[PDB]
Amino acid sequence: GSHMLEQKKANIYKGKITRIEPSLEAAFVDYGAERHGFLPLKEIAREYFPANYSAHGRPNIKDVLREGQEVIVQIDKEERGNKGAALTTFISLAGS
């Protein structure tokens, strides 16, 4: 599939949302990751809440991401027992 190494960066991952808690405004992503990739809502790209959807400010993850939706993400913050596999959005996301 579309996962040949990466593009001059950290290893980019493409997996789906598996956990989204409106209580914490962030999503866990399951890409063979034993810690799951955790993407906070304030990072979320327009790719998540479709480019056809009106976006003016900051998205709301509870109605932006849904389990079964894939993302293109790499780990900006490493697992250290406290933060986990933290997903960035400094990637070619938001197809708008």
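Definitions and cut-offs
Residues numbered from 1 in each chain as written, not as in the entry; some residues may be left out. Heavy atoms only, no water. Helix = DSSP H or I, 4+ residues; strand = E, 2+ residues; numbered from the N terminus. Buried < 20%, exposed > 50% of the residue type's maximum accessible area, 1.4 Å probe, protein only. Pairing = 2+ DSSP bridges. Axes fitted to C-alpha atoms, helices over the stretch in contact; angles between N-to-C directions. Core = buried A, V, L, I, M, F, W, Y, C linked by side-chain atoms within 4.5 Å.

Let's hear about the environment of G32: which residues, and what values?
Mapped onto the elements of the fold, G32 is located in the loop between strand 2 (26-30) and strand 3 (37-40). Judged by its relative accessible area of 74%, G32 is exposed.

Please give an account of the sheet that holds strand 4 (residues 70-73) that cites residues and values.
A sheet is described by the order of its strands in space; here six strands give the open sequence 4-1-2-3-6-5, paired in mixed fashion. The sheet is open, and its two borders are formed by strand 4 and strand 5 (75-77), each paired with just one other strand. Averaged over all pairs of adjacent strands, the angle between their axes in this sheet comes to 50 degrees, without regard to strand direction. Relative to strand 4, strand 1 (residues 13-21) is paired through four bridges, and the arrangement is antiparallel. Paired with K16 across the two strands is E70, which belongs to strand 4.

An account of the nonpolar core is requested, with residue identities and associated values reported.
Ranked by size, the top nonpolar core spans 22 residues in total, and within it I17, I44, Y48, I61, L65, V71 and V73 carry the most contacts. Looking at this core, the elements that each hand over two or more residues are strand 1, strand 2, strand 4 and strand 6 (85-87).

Purely geometric stuff here, so don't read any function into it on its own.
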